[PDB]
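A.B. asks: The following block contains the structure, expressed as structure tokens.
All Cβ positions, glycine included, derive from the backbone under ideal geometry; neighbour counts span all protein chains shown. Every number here is computed from the coordinates shown, using simple stated rules; none is lab data.
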Ligand SMILES: [Zn+2]
């Protein structure tokens, strides 16, 4: 089973998921001086006022905050997109020290962590159907820059002791995903993939230019999670980031430039 260890990690995923070596894989490094403007791009609309969080779950690879996506309660529109994309869950990637852990990088700079807000196009009826299509998924990436402690983030981290091990979940109502956004929604966008197997090439990436904050102490809490289930030897979730992949024949575009 794939993971982030020496034998089963990113370098090896290509063996069981050869699309790892595909034409539109994520993440990438964003070489900012190679970014194009495009007047067709719009401001991002993150319509999250009605969001209804459900629960938090350790899936053996990260933890997800899942949302009720049965109707348009927390949706993503505009930016580079056409149509409505519903928020299904968010999750994070991090590393084993503060100097690394983001999946996307900006002129080779790694941040301590990265938030992924995963959305699917209503045209496809549900997440699994949408994940098979080039315009099916849209993921908003937000960097966590080590600095000040973040109170909104701490509400998530306060629940982590309840989901230490794979398979555990905890109820998690009333969490406003907009509370994990920077004040400015400037972004980069490119066509890419999910960053975990099966690495499907169905994602319009929207990476926000401005990070949100996290403290060094807060980063410790991520790394208390376990990849293993309860009763198995403790495999700490010290790092769960895929490194930057080659951009190949794609163009990153930026809004407002
Ligand atoms: Zn992710």
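A.B. asks: Only helical DSSP H runs with n ≥ 4 go in: add -39500 (n - 2.57) per run for the chain, normalise by residue count and round the 222 nm mean residue ellipticity to 500 deg cm²/dmol. Intermediate results must be reported in sequence, preceding the final value.
C.D. replies: Values: 4 runs with 22 residues, N = 257.
Roughly -2000 deg cm²/dmol at 222 nm, from the helical runs in the chain.
A.B. asks: While we're looking at this one, here's another question. Return P(r) of the range 207-253 (all Cα-Cα pairs; 10 Å bins starting at 0; whole %; ordered from short to long distances).
C.D. replies: Final binned percentages: 18, 31, 28, 20, 3.
A.B. asks: Under the 0.36 nm per residue contour assumption, what length would be gained going from the current alpha-carbon distance of residue 234 and residue 216 to full extension? Can you show the working numbers first?
C.D. replies: On the way: separation 18, 0.36 × 18 = 6.48 nm, distance 2.27 nm.
Full extension of this stretch gives 4.2 nm more.
A.B. asks: Percent relative contact order of the chain, based on C-alpha pairs within less than 8 angstrom and at least six residues apart? Don't jump to the answer; show the numbers that get you there.
C.D. replies: Numbers: 651 pairs, mean separation 69.5, N = 257.
Once divided by the residue count of the chain, the mean separation gives 27 percent.
A.B. asks: Give the span of the chain's Cα atoms along each principal axis, as three whole-Å numbers ordered largest to smallest.
C.D. replies: 53, 40, 38
A.B. asks: Would you please give the FRET efficiency between residue 34 and residue 148, computed as 1/(1 + (r/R0)^6) with r the Cβ-Cβ distance and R0 = 45 Å, to the nearest 0.05?
C.D. replies: Details: r = 31 Å, r/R0 = 0.70.
E between residue 34 and residue 148, to the nearest 0.05, is 0.90.
A.B. asks: Ranked highest first by average number of other Cβ atoms within 10 Å, how do 203-216, 108-121 line up? Walk me through the numbers before you get to the answer.
C.D. replies: Values: 203-216: 21.4, 108-121: 23.3.
So the peptides 203-216, 108-121, ranked by packing, come out 108-121, 203-216.
A.B. asks: Using Stokes-Einstein with the Kirkwood hydrodynamic radius over Cα pairs, what translational diffusion coefficient do you get for the range 172-257 at 4 °C and a viscosity of 1.567 mPa s, in µm²/s rounded to a whole number?
C.D. replies: It diffuses with D of about 79 µm²/s by this estimate.
A.B. asks: Which order, highest average first, do 245-257, 156-168 follow once you tally other Cβ atoms within 10 Å for each residue and take the mean per peptide?
C.D. replies: Details: 245-257: 14.5, 156-168: 16.3.
Ranking the peptides 245-257, 156-168 by packing returns 156-168, 245-257.
A.B. asks: Show me the ranking of peptides 147-153, 69-75 by mean Cβ neighbours inside 10 Å, starting with the highest. Let's see the in-between values first.
C.D. replies: Details: 147-153: 14.4, 69-75: 16.6.
The peptides rank, most packed first, as 69-75, 147-153.
A.B. asks: Could you check the simple spin-label distance between residue 47 and residue 162, using points 7 Å along Cα→Cβ, in nm with one decimal?
C.D. replies: The two pseudo-label positions are separated by 3.0 nm.
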